[PDB]
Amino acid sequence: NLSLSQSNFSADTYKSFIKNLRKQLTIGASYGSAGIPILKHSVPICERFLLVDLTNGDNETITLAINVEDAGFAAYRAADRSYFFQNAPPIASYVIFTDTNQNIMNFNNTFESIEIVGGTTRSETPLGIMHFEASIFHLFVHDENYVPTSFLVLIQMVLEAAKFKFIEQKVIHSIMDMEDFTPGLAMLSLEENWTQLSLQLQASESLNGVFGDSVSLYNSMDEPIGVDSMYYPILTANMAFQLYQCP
């Protein structure tokens, strides 16, 4: 599996990992005028999961299953155990981690659900090396108190980073300096709007690249920038792939 291990964690290896994760997710992607790959859709369940390995500082490994349709975590495995989100595709448990003791987590893979169950938001959840490592550990042992925040960390540092070069670069800044951060409005507005940006970009094919609705992306000075077309480099040099939305 594509993998990242804490013993070989540099800005260079992280960057390579994210580069390759994008490549694997965009196999068979469709392309429009913007030239930003659109994830596959209506993927047969047997082909719908991309597995990635994360290893912590104890040489303990988890295998996360990513839904290649939406670049979200569906489930993971730690040793002979596995854990599935409530809203994982109903048949996923017959396709992945079949030779394990399978468990259902009683919450959805959405930020909204994870934040509710854990009692804590992304804006107060630090990101950085200690946190990436600790999150693999908390998932490996499935320490229920730390599982929600562990997903907030890993979803953002792996998946949201794959979705957005801006977020990848934030994480790179953090690794290089071993300086932890909480996501600001810039990072959160990209996370919040991935689906909406996907819709607008694809919809815009019929309006000379102009969107049906504007999307607000914050910069690092907390100023909102209105993106109402494909002609904004903060979108087109940033969003690495899209959710399938339009015929």
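Here, rigid core means the biggest group of C-alpha atoms that superpose within 1.5 Å across both forms. In case it trips you up, residue 1 is the first one in the sequence shown, and so on.
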message: Please tell me which region, 172-180 or 153-161, has C-alphas lying farther from the displayed form on average in 8 other deposited structures of this protein, with superposition done on the core.
response: 172-180
- prompt: Looking only at CA atoms, which has the higher mean B factor in the entry: 7-15 or 226-234?
  reply: 7-15
query: Of 124-132 and 154-162, which one has the bigger average CA B-factor?
result: 124-132
- line: Comparing C-alpha B-factors across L139, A79, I167, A75 in this entry, the winner is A79
query: Which one of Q200, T182, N193, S206 shows the top CA temperature factor in the record?
result: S206
- line: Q245: C-alpha B-factor third of its chain, per the entry, is the middle
- request: Ordered by C-alpha B-factor within the chain, which third holds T26? Give me lowest, middle or highest, please.
  value: middle
query: In terms of the CA temperature factor given in the entry, to which third of its chain does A71 belong: lowest, middle or highest?
result: lowest
query: Considering only modelled residues of the same chain, in which third does the CA B-factor of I114 rank: lowest, middle or highest?
result: lowest
statement: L54: CA temperature factor from the record, placed by chain third, in the middle
